[PDB]
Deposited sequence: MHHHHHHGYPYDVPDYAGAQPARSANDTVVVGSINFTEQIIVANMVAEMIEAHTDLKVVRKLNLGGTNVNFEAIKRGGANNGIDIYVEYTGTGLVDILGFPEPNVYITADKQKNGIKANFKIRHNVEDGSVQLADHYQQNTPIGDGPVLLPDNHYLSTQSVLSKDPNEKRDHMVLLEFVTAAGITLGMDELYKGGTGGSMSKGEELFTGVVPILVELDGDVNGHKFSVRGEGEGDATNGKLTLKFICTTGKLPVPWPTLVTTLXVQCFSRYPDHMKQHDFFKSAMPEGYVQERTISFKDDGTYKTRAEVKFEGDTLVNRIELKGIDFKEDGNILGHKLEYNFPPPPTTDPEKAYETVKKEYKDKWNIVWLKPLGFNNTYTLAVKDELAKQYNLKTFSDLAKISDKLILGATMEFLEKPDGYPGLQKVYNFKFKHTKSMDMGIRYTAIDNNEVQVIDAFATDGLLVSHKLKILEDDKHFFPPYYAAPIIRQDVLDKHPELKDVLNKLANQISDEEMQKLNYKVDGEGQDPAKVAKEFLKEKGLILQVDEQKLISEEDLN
């Protein structure tokens, strides 16, 4: 008896049906089809706990999801908004720390920034900051330390203080801390270059060994060094507060453990940008992840976007960590794409995203709000393809779709395997440069189950490249458009193909 898993999502329902149908047709095995309510993460939970204890033994996972579940989440895009009543800005975000075991320590961040000086400051429209932080060690340094490199930029749309960030600027950083009555001081030196969005620092614990992990102090240890693009200068609050500067306050509540509370003054002292912080930490468990020093010492970089390297990475890491085996890709890639009418795709022979980029008319009126705001969305895509659409309108809900029918818009954002794409006779283009992550679907199974029934490997590999994007778009349309039974549309397809 094997247990097959699925999520509350038409596509997922259809493919899990197909996995199960194959097992029934080609083996003597009994197959339980279990539904799971939630995102892709609860299938990942269920397979860990097995079909023995009301989990699952098999499900279809996507490579891009797999990368973050197994390597951990990269740093979030922080959403800054205006805080009129504080003449400032504020932001809330989630930092995910990897623990020595493969669990994740959540760190909910609540941030407020208020100008020190009384003068006016930029009160920005909502926008995002993207950070990458690379931790390391100085091999010729004996004191508890941290070397930190950091690249930071803003995005979300198509001052005097800022003139102080013209070149490379000495940073100094001083932290006085108290976690659960344990006192400590940290001190750091370096330089920042706001034009490239680069930080370089080395920090030292000056009171001895650090009573918390270094990764937990990164967010506390100068967002004035971000790179704001030329069409967003009017949204850089941080620099505009200079040289008097701002107060940054945060609560960082770590899930199932204590909380840090920080207050920091960021300001010029001569030619040196200084970050002086006082941190209080309360309610920490004497052997939780934080006081226990149980956090990996490096945030996971932005993951590979290479399709082959993605699949190789999850396959290796899921086998080492969880003893879970990735069989072969089903064929389709449920990822963010752009879509045009079929008619036009034939009229200019489009196929690829660079083929679409070479046109400065057409709107992406379709783009949902999220797709235009998110850094890793159309702003990031502008920088790889030199997109230059004559205009871009934010169309939420389904009305994006009504528009491309009307021929107002000619280009829209979408998921490659969306059924509406056959509804509205649409063409999906290839992300030739691989800007977006790869969500290659593949069946996934527990080793202990494949050990008891080795024939599963070759049965489920019989689905390898059997489902292209456009095939999956049709099966999604059958269920969400015409109301058919997922289990019957699954079974039909395996019959047309000859797999059953």
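query = Which residue ranges of the deposited sequence are not present in the modelled coordinates?
reply = Absent from the structure are positions 1-27, 186-200, 264, 544-558.
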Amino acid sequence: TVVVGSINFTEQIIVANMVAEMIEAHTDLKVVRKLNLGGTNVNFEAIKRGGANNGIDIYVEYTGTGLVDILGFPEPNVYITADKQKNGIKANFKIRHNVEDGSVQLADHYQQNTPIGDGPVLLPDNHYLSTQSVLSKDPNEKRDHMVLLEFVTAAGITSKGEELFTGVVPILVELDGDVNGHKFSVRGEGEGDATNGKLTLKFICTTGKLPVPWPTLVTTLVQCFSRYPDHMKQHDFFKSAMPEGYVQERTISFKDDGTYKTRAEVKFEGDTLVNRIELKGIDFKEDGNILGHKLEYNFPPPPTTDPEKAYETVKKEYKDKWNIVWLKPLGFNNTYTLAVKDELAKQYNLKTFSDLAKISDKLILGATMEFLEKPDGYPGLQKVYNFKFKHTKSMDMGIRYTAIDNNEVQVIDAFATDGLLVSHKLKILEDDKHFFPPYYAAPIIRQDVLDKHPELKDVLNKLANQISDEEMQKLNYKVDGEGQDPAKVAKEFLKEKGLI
From here on, numbers count along this sequence of modelled residues.
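Exercise for the section: Return whichever of 400-408 and 375-383 has the greater mean Cα B factor according to the PDB record. Expected result: Higher mean C-alpha B-factor in the PDB entry: 400-408.
For the stretches 438-446 and 50-58, which has the higher mean C-alpha B-factor as given in the deposited record?
Comparing 438-446 with 50-58, the higher mean C-alpha B-factor belongs to 50-58.
In terms of CA temperature factor as recorded, identify the highest of 242, 171, 264, 365. Of 242, 171, 264, 365, 365 has the highest C-alpha B-factor.
Highest recorded Cα temperature factor - choice among 228, 225, 415, 389: Out of 228, 225, 415, 389, the record gives the largest C-alpha B-factor to 389.
Margin query: Please place residue 11 in the lowest, middle or highest third of its chain according to the CA B-factor in the PDB entry.
Written below: Bottom third by C-alpha B-factor.
- Comparing residue 43 with the other modelled residues of its chain, is its CA B-factor in the lowest, middle or highest third? It belongs to the lowest third of the chain when residues are ordered by C-alpha B-factor.
*B-factor third for the C-alpha atom of residue 119 within its chain*: Its C-alpha B-factor belongs to the lowest third of this chain's values.
Item to complete: Sorting the chain's modelled residues by C-alpha B-factor, tell me whether residue 162 ends up in the lowest, middle or highest third.
Response: According to the entry, residue 162 has a C-alpha B-factor in the chain's middle third.
- request: Determine, from the deposited record, the chain-internal third of the Cα B-factor for residue 483: lowest, middle or highest.
  value: Tercile = highest for this residue's CA B-factor.
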